[PDB]
Each structure stands twice: as structure tokens, then as C-alpha cells.
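These notes are about the structure you will find just below.
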Ligand SMILES: Nc1ncnc2c1ncn2[C@@H]1O[C@H](COP(=O)(O)OP(=O)(O)NP(=O)(O)O)[C@@H](O)[C@H]1O
Ligand SMILES: [Mg+2]
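Chains as they are written, first to last, in the deposited numbering: chain B, 384 to 698; chain C, 379 to 422; chain F, 54 to 479.
Right, here's the structure in full:
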């Protein structure tokens with residue numbers, strides 16, 4: 384409940400932000416849509432630009448966002464734009480910026496696991512300079528993927544199924560329901576992003592402050608889920624791609640205590656899945672063992688494929 | 379002018395007796411993993 | 054013409070099988086003979102050093118085409134084969150495995166001969182040999198291609214040979230570098246491209262005729278053309294035939310759209326305005342003119358946008374490097390023109406943009422190009438996106454004609470009214 388209470392604090396706190404700019408969105412005037420247009424535009428694109436080419440140009444995106452959020456003018460397509468145009472713009476750009484980071488993790492990272500780090504660092508860095516934006520991230524990240532909280536949504540009695548699938552985070556429309564395959568990835572990419580943000584820190588600026596969402600939340604995550612009964616395909620998948628991304632940073636931090644947690648899932652939580660998963664979904668559970676059978680004997684969890692190297696930073 | 383500190387590890391304070399005994403075992407007990415991170419003392 | 058190059062680029066960028074859900078047809082010469090089918094490498098009972106190499110390079114179990122091809126080739130007596138399956142199904146890995154099994158370790162002379170249309174393609178096939186047969190000490194390979202100048206009187210000691218068609222002929226006959234009567238296996242890789250040169254077809258046959266009769270004849274082709282099938286029969290006598298229908302790709306799971314724009318600067322404004330509207334990871338943009346592409350990519354870069362540019366002047370290996378970076382995420386958008394325009398398999402692509410419509414020469418819709426271009430995104434149920442830029446009524450005329458062929462509505466997109474754009478693909 385400590386988590387569920389904290390889970391609601393962020394959710395209804397975001398709803399407060401949905402309403403603080405209420406009127407900027409619900410405006411149909413010509414100028415009223417031009418403003419709403421140019422802000423969301425020049426606030427959600429730099430995040431889409433985040434590449435793996437070089438940390439040298441990755442600073443441009445960071446600075447362009449810091450200027451935008453801090454109020455300075457920012458060069459957009461055509462004429463420059465700033466938040467100073469509207470008082471509601473700030474509390475609006477912070478909302479749309481937050482969704483983009485999870486969205487970039489939703490689509491890009493799900494497909495391309497390595498892009499999780501060059502996006503996280505910018506997020507983990509903007510989180511420091513502007514803590515308000517971070518709670519908004521934790522807001523959107525949590526609803527779109529309640530498994531990141533982590534809490535498994537329980538079935539409320541007397542309710543239709545399509546109502547319940549939406550709660551699980553499945554994208555659903557009038558008649559279309561998102562397949563499981565094209566759903567599982569959307570959740571991988573989200574927690575692979577989450578597993579990257581907690582271990583990375585923005586190098587530039589020389590800040591003595593501390594990580595806003597510390598690697599402590601990575602321990603609780605693994606703990607909080609390993610103490611409850613696993614879902615068939617969701618757990619054994621999410622449990623893997625979280626450890627692949629953040630299992631190297633946790634091994635260094637909580638040296639022996641982390642290993643204990645691994646020799647548990649090996650002999651206490653693996654049986655908890657062999658029965659739960661049917662023969663038609665053992666795909667995820669198999670990767671999870673192939674991942675640990677090595678790591679346990681190798682005494683080492685490989686650094687995640689895609690980690691930003693020194694070369695990436697200087698270059 | 380102050381600069382705050384961290385919470386990566388949890389002090390020996392704020393740590394229940396059931397949790398202290400978990401961190402001290404050579405094996406964890408299924409379903410009773412402490413939520414709070416371990417202390418600096420027992421990284422072994 | 055450009056089929057050899059397309060094959061070459063397809064080799065350099067292919068990272069794994071192209072999965073297929075069509076069942077393989079088998080046309081065994083003696084139908085009375087039961088069908089040969091395998092589901093794992095253990096069943097074939099390969100040599101230890103050979104199976105060691107197979108598992109070494111990442112193969113868990115035979116591919117769909119290999120489930121029928123491998124046993125048929127390893128069966129006794131030696132049975133010939135003509136295989137037809139699209140590029141990327143495992144054809145090359147198949148006859149490389151077959152070769153290394155039939156060879157004898159101690160005998161220092163050519164026992165297996167492969168014909169590749171070109172020198173570059175020969176190298177790629179050679180690389181698969183070196184990998185799969187890395188656990189075969191003393192087993193070497195010799196490249197019998199133009200440019201491999203050799204001194205008269207020399208005798209080859211390699212147990213395998215690979216070379217272009219015109220030169221391999223010289224090796225065996227006039228220069229006496231090879232004795233054809235010791236060849237136990239013969240392959241003609243990529244017959245689909247082999248026929249593109251009239252000289253190659255004749256030179257390949259003449260070589261095939263100098264071989265013994267007990268020599269296992271093998272031929273492979275990506276396409277099912279008639280000119281191929283007519284050519285394959287002349288090369289492989291008393292043959293078996295294996296066919297695998299090309300994976301048909303559809304638009305069932307893609308949402309198609311388009312935008313009306315007055316000029317290029319509006320097509321560009323239309324594109325930039327979209328980027329803030331929806332989740333867009335990486336996307337491709339196909340243009341009509343090389344002058345326009347270089348402009349667009351420049352205009353894109355100018356806005357602080359990481360873009361990759363594919364142009365025809367670039368070498369083949371250079372095209373691959375840009376593509377590889379594109380897959381690695383180094384570049385987030387690829388603007389191309391006539392270079393690899395059918396469809397490139399980059400997985401993190403969320404949107405396909407047709408800055409100009411896929412136009413065939415003569416000014417008609419290029420439906421094959423349009424289908425493959427989007428067929429790549431959204432296979433086996435993935436959701437993709439398609440946006441067509443219309444700059445005139447003639448371009449608009451083509452759009453409805455494409456809409457006719459595929460029977461899917463390409464709905465209108467107004468790049469204004471963000472609310473609508475957010476709804477486009479999520
Ligand atoms: N059994 C297998 N398991 C996994 N990957 C495989 C297997 N067989 C082949 N591959 C890989 O799939 C890709 C295509 O292999 P290849 O043999 O070149 O196919 P394709 O028929 O052969 N191409 P092409 O020669 O142009 O018609 C390569 O990257 C191989 O390493
Ligand atoms: Mg081949």
C-alpha cells in the first residue's frame with residue numbers, strides 16, 4: 384500500500400496538471416491552436432531526435448530543452464518560439480514533454496533496445512534540473528505500464544473483459560484489441576527505458592546534486608515483483624529485459640545482496656513459473672534461464688548492449 | 379547553503395528486524411525480500 | 054544488370070533468416086520414394102567437426118527450406134537438386150553444409166566446385182565456407198576468379214574451389230589447373246542473376262559437362278522465372294525440384310494516409326509539423342529526383358535533425374554502411390532516391406513517407422514498389438504507418454489508382470489540427 388498510495392499520489396497529481404492548463408487545449412480559436420501547435424511541436428521533436436551517434440550532439444537536444452523549459456527562446460522551424468507567450472504554456476509543455484519520453488520508450492526502445500540509454504541520460508538529466516517533469520514522467524510511465532510500478536492490476540468482479548484489458552495497458556479501440564506480441568514489446572521498451580534511467584547520470588554541468596530517481600528503485604522493483612506470484616508471459620519477459628539493462632549496475636552496488644536475489648529466482652521463482660505458464664508460452668521463461676545460467680556461473684552480468692562509452696561522450 | 383545526501387543504501391536505522399535478518403542470511407526466503415535497499419554494512 | 058548488385062547489398066545487410074509461413078513443395082523424381090523431412094541437425098548425423106561449426110555460427114535448427122533440402126542432398130545415392138526460394142531463406146547455408154560433408158579430409162585436390170556470378174558474390178559465399186568449416190584444419194579454399202593471376206604449371210591443392218563462370222572454365226580445361234573427374238559436388242549459386250549475362254549461361258554448362266555422372270549436381274535461384282527454369286534443366290539432369298512461394302506481404306495492418314500540399318516547402322512544412330504530432334522513432338522518405346532528396350535531407354539537417362542520405366553515386370559497400378548505422382540508430386531518418394527503394398528491413402521504422410509517389414516509368418503506379426515499400430513495416434501483425442505527399446492533381450490521380458488496386462482507403466490527412474494527427478497511429 385506504501386507503493387499503491389505513492390502510485391496514486393503521482394496519478395492524481397498529474398490530473399491536477401491536466402487541469403492547470405485546462406483552456407489551452409480546449410481552445411478552438413485560430414491563434415489559440417497556433418500556440419498549442421508550436422509548443423507541442425518545439426517540445427516533442429528534440430526528444431525524437433535523440434540518436435546514438437555522439438554525446439557531442441546529444442548535448443544540443445539537452446540544452447534546447449533546458450532553454451525551452453527554463454523559459455528562454457528556442458529556434459523552431461521558421462520563427463523562434465518560447466513559453467513566455469502564455470502562462471499556461473509551461474505547465475503544458477512539461478506535460479507533453481513527459482509523455483514523449485515514455486512514448487519514445489514505447490515505440491523506439493521496444494524495437495531498438497540500445498536507444499534506451501541515449502534517451503534516458505537526457506531524461507535523467509532533465510529530471511535533475513526540473514523535478515516537476517520527472518513526477519510527470521513517473522505519472523505517464525505508471526499508467527501506460529502498471530507493471531513498472533510494479534503492481535499487477537487485479538480483476539474487479541462483475542466487469543466485462545474489454546474493460547479489464549485496457550487496465551492491463553493493452554491498446555484497444557471500438558472493435559480492435561492489441562495483439563499480445565505487439566503489446567509485450569510496448570511494455571519491454573518502457574521498463575528497459577526505466578531500467579536505464581535509474582542507473583545513468585547526465586555527465587555535463589558538473590552537478591554535485593544526487594540522482595532524482597536513484598538506483599534504489601531498481602532494487603525495490605525486483606523485490607516487489609519477486610515476492611508476488613508471477614504472470615505467465617508478462618513477468619518472465621519483463622523480469623529478463625530489466626536485468627539485462629540494469630543487472631550490471633545493481634551487481635556493482637548491492638554486490639552480495641543482489642546475488643542472493645538471483646540465486647532465489649533460480650531455484651525458488653523459476654518453479655513459480657513452470658506451472659503457471661502453459662506449454663504455448665514458455666518462450667519468455669526460457670530466455671530468463673539462458674540469461675541467468677550464464678550470469679550465475681560467470682559471476683558477472685554483461686554490461687547492457689548499447690551502453691554509452693567514453694568514445695560516445697568525447698566524440 | 380546545504381547539499382543533501384543520498385538514499386542509495388538504507389541506514390541500519392529505519393530497517394526492521396525481519397529485514398535485518400534477511401540481509402544477513404546466505405539465502406533469501408521466497409516472498410519475504412526486503413523492499414528497502416540493503417545497508418552499507420552487509421554488502422559482504 | 055542491377056540484380057547482381059541487389060544480391061550483393063542483400064548479402065551485406067542480411068542478419069538472419071527471412072521467416073516464411075508457406076509450406077515447401079517437393080517434386081522428387083521418383084515419387085514412389087518417400088518424402089525427406091528433418092527438424093533438427095542431430096537427425097542428419099553430420100560429422101562432429103561439421104555440426105560443431107553449424108552450432109558455432111548461431112544455427113539452432115534447420116530453416117524451412119533446409120528441412121527438406123539437407124536430407125535430400127545427403128541421401129545415398131547422390132541425388133541432384135534444383136531449389137527455388139526467395140533471398141534470405143538459407144539457400145547458401147544449405148549447399149555449403151552439403152559441400153563440407155561430402156569432401157574427404159586427406160585428399161589435396163578440388164572435390165567441390167561452386168559457380169558464383171561475380172567476384173564479390175564469390176567472396177560472400179566463401180565467407181560462409183570459412184565460418185562453417187572453421188573446425189576443419191588443413192581444409193582451405195581457392196578463388197578461381199579474374200584477377201587471381203597464377204603462374205603456369207601450378208597445381209591446386211585446395212579441397213574446394215569457388216570462382217566466376219568464365220575463369221573456372223579456364224582452370225579445368227586449357228590451363229589444366231583442375232581435373233574435373235575428381236569433383237564430387239557442383240553448385241551454381243544464384244541462377245536468377247547468372248542468366249543476366251549470356252556468356253555466363255554457356256560457360257556454366259560447358260563446365261557442368263566436363264564433370265562425372267556420379268557428381269552431385271546442385272543449383273539454386275531466388276526467382277521462379279521461366280528463363281531460369283529453362284536454364285536450370287540444362288544444367289541439372291535427372292533432377293529433384295524444391296519450391297517455396299515468395300512471402301506475400303500485405304497492408305492489412307498498416308494505416309494509409311496522404312496530404313495535399315501546394316509545393317515542396319509545404320510538403321516539408323507538412324513533414325516537420327507531423328514530427329511533433331505523434332510517436333515517431335525512425336522513418337524513411339522516398340523522393341523522385343536526386344536534386345530534391347539532397348535538398349530535403351539538407352533542409353532536414355538544417356533544423357537540427359540527424360538524417361542519412363542514400364544516393365546512387367555511392368559505392369555498394371558505402372550504401373551498406375549508411376544502412377547499418379541506420380539500423381544501429383545513429384541516424385533517425387533515411388532519405389533515398391532510386392537506391393534500395395523497394396523496401397529495406399529496418400525494424401525500428403515507424404513510418405514510411407512518400408515525398409513523391411512510387412512512379413513506374415511511363416507514368417503509372419508502381420504497385421509492387423508501393424507494396425514492398427510498406428510490406429516491410431507490419432509483417433505478422435505489426436502496425437506501421439504510411440504518408441503520401443501529393444503536390445498536384447496528376448499526383449492525386451495516381452493516388453486513387455493505387456487505392457483501387459489494393460482496396461484499402463488512403464484517407465486524407467490535414468497536417469493541421471494536431472488532435473486528429475495524434476489519433477493517426479495510436
Ligand atoms: N539455420 C539458420 N539459422 C539461423 N540463421 C541462418 C540459418 N541459415 C542461414 N542463416 C542466416 O540467414 C542469412 C541468410 O543466409 P543465406 O544462406 O545467405 O540465405 P539466402 O538463400 O541464402 N540468400 P541469397 O544467396 O541471396 O539467395 C545469413 O545471415 C545466415 O547466417
Ligand atoms: Mg545463396
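Just so it is clear, CB atoms sit at the ideal spot from N, CA and C, and this is done for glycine as well.
Is there at least one non-hydrogen atom of ligand 2 closer than 8 Å to the beta-carbon of residue i?
i                      : result
residue 145 of chain F : yes
residue 183 of chain F : no
residue 243 of chain F : yes
residue 239 of chain F : no
residue 500 of chain B : no
residue 534 of chain B : no
residue 303 of chain F : no
Residues of chain B with CB closer than 9 Å to the CB of residue i, please, in chain order.
i                      : result
residue 410 of chain C : 610
In the DSSP assignment, find the alpha helix (DSSP H) that holds residue i and state where it starts and stops.
i                      : result
residue 452 of chain B : 438 to 453
residue 403 of chain B : 385 to 403
residue 225 of chain F : 218 to 225
residue 442 of chain F : Note, residue 442 of chain F: premise wrong, no alpha helix (DSSP H); beta strand (DSSP E) at 437 to 443.
residue 428 of chain B : 413 to 432
residue 568 of chain B : 564 to 580
residue 320 of chain F : 317 to 328
residue 380 of chain F : 369 to 381
residue 585 of chain B : Note, residue 585 of chain B: premise wrong, no alpha helix (DSSP H); not H, not E.
residue 85 of chain F  : Premise fails: residue 85 of chain F is in no alpha helix (DSSP H) and is neither H nor E.
In the DSSP assignment, the beta strand (DSSP E) including residue i goes from what residue to what residue?
i                      : result
residue 121 of chain F : Counting along the chain, residue 121 of chain F falls outside any beta strand (DSSP E), though it belongs to the alpha helix (DSSP H) covering 119 to 127.
residue 239 of chain F : 238 to 241
residue 406 of chain F : 402 to 407
residue 406 of chain C : Taken as a continuous stretch (DSSP letters only), residue 406 of chain C belongs to no beta strand (DSSP E), as it is neither H nor E.
residue 260 of chain F : No beta strand (DSSP E) contains residue 260 of chain F, which is instead part of the alpha helix (DSSP H) from 251 to 262.
residue 273 of chain F : 269 to 274
residue 360 of chain F : 360 to 363
residue 339 of chain F : 335 to 339
residue 480 of chain F : Given that chain F is displayed from residue 54 to residue 479, the structure contains no residue 480 of chain F and the question cannot be resolved.
residue 617 of chain B : From DSSP, residue 617 of chain B is part of no beta strand (DSSP E) but of the alpha helix (DSSP H) over 616 to 636.
residue 79 of chain F  : 78 to 80
Report whether the distance from the Cβ of residue i to the nearest heavy atom of ligand 1 is below 8 Å.
i                      : result
residue 141 of chain F : yes
residue 33 of chain F  : An answer regarding residue 33 of chain F cannot be provided, because it is not within the stretch 54 to 479 covered by chain F.
residue 119 of chain F : yes
residue 70 of chain F  : yes
residue 75 of chain F  : no
residue 124 of chain F : no
residue 210 of chain F : no
For residue i, which beta-bridge partners are listed by DSSP?
i                      : result
residue 464 of chain B : B:457
residue 418 of chain F : F:412
residue 593 of chain B : Residue 593 of chain B is not bridged to any residue.
residue 465 of chain F : F:311
residue 389 of chain F : F:339 and F:363
residue 166 of chain F : F:214 and F:239
residue 195 of chain F : F:214
residue 137 of chain F : F:274 and F:296
residue 560 of chain B : B:555
So which residues of chain F does residue i contact, with C-beta pairs closer than 9 Å?
i                      : result
residue 418 of chain B : Chain F residues near residue 418 of chain B: none, gap ~11 Å exceeds 9 Å.
So with CB distances below 8 Å, who are the chain C contacts of residue i?
i                      : result
residue 577 of chain B : Within chain C, no residue comes near residue 577 of chain B; the closest Cβ sits about 17 Å away, beyond 8 Å.
Which residues of chain B have a Cβ atom closer than 8 Å to the Cβ of residue i, listed in chain order?
i                      : result
residue 389 of chain C : Those do not exist, as residue 389 of chain C stays about 12 Å from chain B at its closest Cβ, beyond 8 Å.
residue 382 of chain C : 592 and 593
Residues of chain B with CB under 7 Å from residue i, in chain order?
i                      : result
residue 403 of chain F : 490
Does any heavy atom of ligand 3 sit closer than 8 Å to the C-beta of residue i?
i                      : result
residue 276 of chain F : Among the ligands in the structure shown, ligand 3 does not appear; only ligand 1 and ligand 2 can be found there.
So which residues on chain F does residue i lean against when the C-beta distance must stay under 8 Å?
i                      : result
residue 565 of chain B : 434, 435 and 436
Using a Cβ cut-off of 9 Å, pull out every chain C residue sitting near residue i, in sequence order please.
i                      : result
residue 647 of chain B : 405, 406, 407, 408 and 411
Which chain F residues are close to residue i, counting only those with a beta carbon under 7 Å from its beta carbon?
i                      : result
residue 498 of chain B : 382
Problem set entry | Residues of the segment 616 to 627 of chain B whose Cβ lies closer than 8 Å to any Cβ of chain F, in chain order | none
For this session: Give, in chain order, every residue of the segment 571 to 600 of chain B whose Cβ lies closer than 7 Å to some Cβ of chain C.
Result: 591, 593, 597, 598 and 599
Problem set entry | Within 9 Å of chain B by C-beta, residues of the segment 325 to 345 of chain F in sequence order | 325, 326, 328, 329, 330, 331, 332, 333, 334 and 335
Problem set entry | chain B contacts from the segment 429 to 451 of chain F (Cβ-Cβ distance under 9 Å) | 433, 434, 435 and 436
Exercise. Quick one, which residues of the segment 387 to 415 of chain F are near chain B if we go by CB-CB under 8 Å, in chain order?
Worked result: 400, 401 and 403
Exercise. Taking any Cβ of chain F, which residues in the segment 425 to 448 of chain B have a Cβ under 9 Å from it, in chain order?
Worked result: 425, 426, 427, 428, 429, 431, 432, 433, 434, 435, 436, 437, 440, 443, 444 and 447
Problem set entry | Near-chain B residues of the segment 356 to 373 of chain F (beta-carbon distance less than 7 Å), N- to C-terminal order | 356, 357, 358 and 359
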